[PDB]
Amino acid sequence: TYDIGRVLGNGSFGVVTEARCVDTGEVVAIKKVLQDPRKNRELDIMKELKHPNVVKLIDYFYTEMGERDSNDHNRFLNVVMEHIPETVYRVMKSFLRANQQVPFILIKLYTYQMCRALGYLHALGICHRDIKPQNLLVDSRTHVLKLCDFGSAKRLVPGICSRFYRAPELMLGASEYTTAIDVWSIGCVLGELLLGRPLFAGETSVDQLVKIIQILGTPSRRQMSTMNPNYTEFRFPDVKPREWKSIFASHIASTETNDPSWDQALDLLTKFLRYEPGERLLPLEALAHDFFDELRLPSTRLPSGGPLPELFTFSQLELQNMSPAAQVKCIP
């Protein structure tokens, strides 16, 4: 049913390629992975998701190979998905090359839809576990953002690489963690969208723990125990917490032009990037932040002038995972 043509980089190690569905002429994305045919976690998770900001699962099928053999005729699972041409990663580097900041309306739209998508996932009990700009699909014309790449997602049963966006509890080898690790990533994406470069760029985990400490300050004994208990008494150098207003001072200087956006973005950044995972602002709660107040005004449009994408038709599971204060605030 599909013409496979041209490789779109690499997903969860498996290969992702462009494809045309011959019945409709439409282009789709096909991630082919090597499964053992006697159960694939990513595809079972994909079958559950339905949300305005998650890639649609379209079809799936196994490659034939034909060559039988009393060893392993391998077999390849083909997951067919909605094709969206860009990522938040690309839009950023496009603005970077232009030495220009992403407009605050796009930063608001992207962070919102990322938060809403990750809240749904967490409401189903699913943790994406590898949120980074390279996974946040974007449509330049409608500025829809969709989640994708669920090769690392998992239903965290009580009892991954890409290092710039991992939660600090992960870099300390926490043997147990919560869905909050995605919230730390949300903070890192929002952070990079505002800064023009990663907030905590470091080659290894040691290198990053330092850079996080050089900003959040030295973690307390109690904070350290909420991340990894085995390190409750592991002492770090005593660094005093630096504050966002300072790090972005130059950006606030050059850009800022009659906007409280910078105050709201940095406040929202603070509520995401917290050592104690339980103290991190939950994603569906975050939708109510004043940073998104612009998106609920009726006269707000895309910079193009076109209409805003889907933002407000919350499902009941979305509403159920919102505090009463949040439920009143989000109604546009």
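A residue's number is simply how far along the shown sequence it sits, counting from 1.
Going from residue 38 to residue 39, you skip over 1 to 3 residues of the deposited sequence that the entry leaves unmodelled.
According to the record, the deposited sequence contains 4 to 9 residues between residue 159 and residue 160 that were left without coordinates. As the entry records it, the average C-alpha temperature factor is higher for 58 to 66, out of 303 to 311 and 58 to 66. Mean C-alpha B-factor is higher over 70 to 78 than over the other stretch, the pair under comparison being 70 to 78 and 119 to 127. Ranking 114, 239, 148, 171 by Cα temperature factor from the entry places 239 first. Residue-level inspection of the entry shows that, of 197, 154, 83, 251, 251 has the top Cα B-factor. Ranked by Cα temperature factor within the chain, residue 231 sits in the highest third according to the deposited record.
Annotation for residue 219: C-alpha temperature factor in the middle third relative to the rest of the modelled chain, per the entry. Residue-level temperature factors show residue 42 in the middle third of its chain, judged at the C-alpha atom.
For residue 244, the recorded CA B-factor ranks within the highest third of the chain. Only modelled residues enter the ranking.
Remark: residue 269 belongs to the lowest third of its chain, ranked by C-alpha B-factor as recorded.
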